[PDB]
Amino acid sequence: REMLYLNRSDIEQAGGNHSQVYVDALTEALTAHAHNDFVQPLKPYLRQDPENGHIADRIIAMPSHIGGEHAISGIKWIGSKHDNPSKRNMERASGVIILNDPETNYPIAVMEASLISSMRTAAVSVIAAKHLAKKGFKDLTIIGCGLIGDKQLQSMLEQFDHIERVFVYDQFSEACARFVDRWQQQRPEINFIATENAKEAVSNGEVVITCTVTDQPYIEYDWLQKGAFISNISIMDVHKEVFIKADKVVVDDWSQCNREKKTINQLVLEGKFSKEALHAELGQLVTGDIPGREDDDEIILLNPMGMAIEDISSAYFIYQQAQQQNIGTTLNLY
């Protein structure tokens, strides 16, 4: 019995370094989600300090099974220390994805997780923007210049050739400076603007993507242009009023969002939100059960907690491409 090991370099070589593989994988997984052909138990958070602990110091286990023609199971096991970049010069998040053959349940692949996690999260923004952003939008905003922001930006630019300007803000000015400098050279024909505050960045974006590590909301509803689509990838950035005031609120998975201690659950627990109030789950937009944007004045909020089936589908596509190209290291289980 063997397993394929794919490090981040191997993942890049097998196509994991381009958005399209993730967009393809997620369109499939989200269709399976809409058709309920998956299983996704709740994610446990392992924290060393469940009391007295930074919200981004954790390891999350994210198991899932996707059914269908090419059923697959697996887990993403993804750790985080808020401190890693500033104190250790290391990426915040790290970890592994294990894929399992659903016939036998045996593990068949062990793969590095963080590039795939970041790219599938960027693909979530792409697919949602296809349904929820103004068609042909020109102005993109990125808040937070870490690995998630970098990939969000890369993928949007790969997937939307009409983007003209990119407003970028980070609380840490130097991170923003270097981020825009790097990108300005990567893409000379797009105009990147390092902004002075978040309000300037948010106010000027037709699509706004949050990519920070914060536990306190700063994005106000009146910052948002009519017609804006906000992909709230880092979840906590957005004031509650935005959930209430947006014309349409979309999540990836309601049961995961309407979960004890979370923003949506809190509005629900008060009498300020419900499932009736929710516009769609993302998969329902992909499959066409529910329409997306219907006019260009609508302000639309996506609040995606992240779903294990996204990681597992992404990793499975990449595993397959790697096997096709004989990329990776064959390990024996026994």
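The first residue of the shown sequence is 1; numbering continues from there.
Compared with the other entries of this protein, residue 288 is consistently built, present in every one of those that build its neighbours rather than absent from a third. Missing-residue comparison: residue 31 falls in the unmodelled set for none of the other PDB entries checked, so it is not missing from a third of them. As the entry records it, the average C-alpha temperature factor is higher for 257 to 265, out of 257 to 265 and 82 to 90. Set 65 to 73 against 304 to 312 and average the Cα temperature factors; 65 to 73 ends up higher. Residue set 150, 112, 103, 174: peak C-alpha B-factor at 174 (per PDB entry).
Between the residues 282, 46, 277, 299, the entry's highest C-alpha temperature factor is the one at 277.
Compared with the other modelled residues of the chain, the Cα B-factor recorded for residue 240 ranks in the highest third. Looking at the C-alpha B-factors along this chain, the one for residue 139 belongs to the middle third. Residue 229: CA B factor in the lowest third of modelled residues in this chain (values from the PDB entry). Residue 249 sits in the middle third of its chain by CA B factor, as recorded in the PDB entry. Among all modelled residues in this chain, the alpha-carbon of residue 159 has a temperature factor (C-alpha) in the middle third.
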